[PDB]
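> Sharing an experimental structure here, sequence included.
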Amino acid sequence: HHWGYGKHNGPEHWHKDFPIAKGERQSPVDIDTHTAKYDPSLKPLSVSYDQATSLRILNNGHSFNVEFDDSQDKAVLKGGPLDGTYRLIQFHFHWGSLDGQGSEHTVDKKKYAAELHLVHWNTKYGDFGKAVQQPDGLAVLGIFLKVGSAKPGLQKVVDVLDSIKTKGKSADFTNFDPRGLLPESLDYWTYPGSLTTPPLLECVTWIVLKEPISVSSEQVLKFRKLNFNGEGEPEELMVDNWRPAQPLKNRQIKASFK
Ligand SMILES: [Zn+2]
């Protein structure tokens, strides 16, 4: 039926509707710390989220994402392994039924409690729609969440979730500065991949940060109260909305740090 994260419509069934699920540059992957190659040519990430314009927060039945106004070159990402400018369009998360799982990428098979994705599209393509048709159309910044002390910047997100519990619910979410979601260090691993949810197009350059951000179990707990279902339907908890590691195939993961 329609895709989901369930046993009958989840990850292992996607290939029937999206044959590319069995492609050559599918994401996510496991990051083996000693087959990853340090590449000294990799420049540092250049982030300019100081003029980001959040618009709203929405539960789409798969996750919840915050939309931004990507009309101007306000919040852009560049540097790193990228050529050109990428515009921030939205961010969302993946989490699990328990703290010990939830991230999509793993480091040496280690899973994190969650994973945040800041999605950006290559401006030379004119728009998000055309960009996803290109192998270099999107740049996704991936950030791991570990349970520890609270992240002050995630507090505003965690608090509004209550009012968008079921699929279809939206809320004006203005003035949220995504800079409070970033770790101290910008060291990263990078590899060519895909979108982790259908259509699973292989149009993404992945940038996964080495340093995870800490969030309190209190904060993580709130993600688990969202529902996959719409209002007035069989209540099914939004948990374990993550896709498992895919074969790395002929790819090499590069590290910006020795
Ligand atoms: Zn994602």
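Noted; the coordinates are in hand. Numbering: from 1, shown residues only.
> Residue 134: what's it in contact with?
Contact analysis of residue 134 by CB atoms under 8 Å, 6 or more residues apart in numbering lists 122, 125, 203. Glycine gets a C-beta too; all of them are placed from N, C-alpha and C.
> Which residue does the chain have closest to the ion?
residue 117 (3.8 Å; CB to the ion).
> Secondary structure element holding that residue?
Following DSSP states H and E, one finds residue 117 within strand 114-122.
> Kindly report the same for residue 241.
Going by DSSP H and E, residue 241 is not in any helix or strand.
> ok, the nearest residue to it once chain neighbours are set aside - how many residues close by?
Spatially, and ignoring its direct neighbours in sequence, residue 241 is nearest to residue 5 (4.9 Å; CB to CB, 6 or more residues apart in numbering). Neighbour count of residue 5, defined by other CB atoms under 10 Å: 18.
> Can I take it that residue 5 is in a strand?
No: Residue 5: not assigned to a strand; according to DSSP: H, G, I helix; E, B strand; the rest coil it is coil.
> ok, it touching residue 14?
No: taking contacts as CB atoms under 8 Å, residue 5 lies outside contact range of residue 14: 10.1 Å.
> what's the spacing between the residue lying closest to residue 214 once chain neighbours are set aside and residue 174?
Spatially, and ignoring its direct neighbours in sequence, residue 214 is nearest to residue 148 (3.6 Å; CB to CB, 6+ apart). Here the criterion is CB to CB, to the nearest Å. By it, residue 148 lies 29 Å from residue 174.
> Might you enumerate the residues of this protein proximal to the ion?
117, 196 (CB under 5 Å from the ion).
> In space, not sequence, find me the middle residue of the chain.
residue 117 (2.1 Å; CA atoms, centre = their mean).
> Correct me if wrong: it contacts residue 139.
No: contact criterion CB under 8 Å: residue 117 and residue 139 do not qualify, at 10.8 Å.
> how about the strands in the stretch 101-250 of the chain?
Per DSSP state E, counting those that start in this stretch, the stretch 101-250 of the chain carries strands over the ranges 106-107, 114-122, 138-147, 170-172, 188-193, 204-209, 213-215.
> which of those strands is buried the deepest?
With neighbours defined as mean count of other CB atoms under 10 Å, the strands of the stretch 101-250 of the chain peak in mean count at strand 114-122, which reaches a mean of 25.
> relative to strand 204-209, how tilted is it?
Here strand 114-122 runs at an angle of 140 degrees relative to strand 204-209 (axes from the mean of the first three to the mean of the last three CA atoms, to 10 degrees).
> Can you tell me the strand partners of strand 114-122 and which way each runs?
Strands that pair with strand 114-122, judged by DSSP bridges, come out as strand 86-95 (antiparallel), strand 138-147 (antiparallel).
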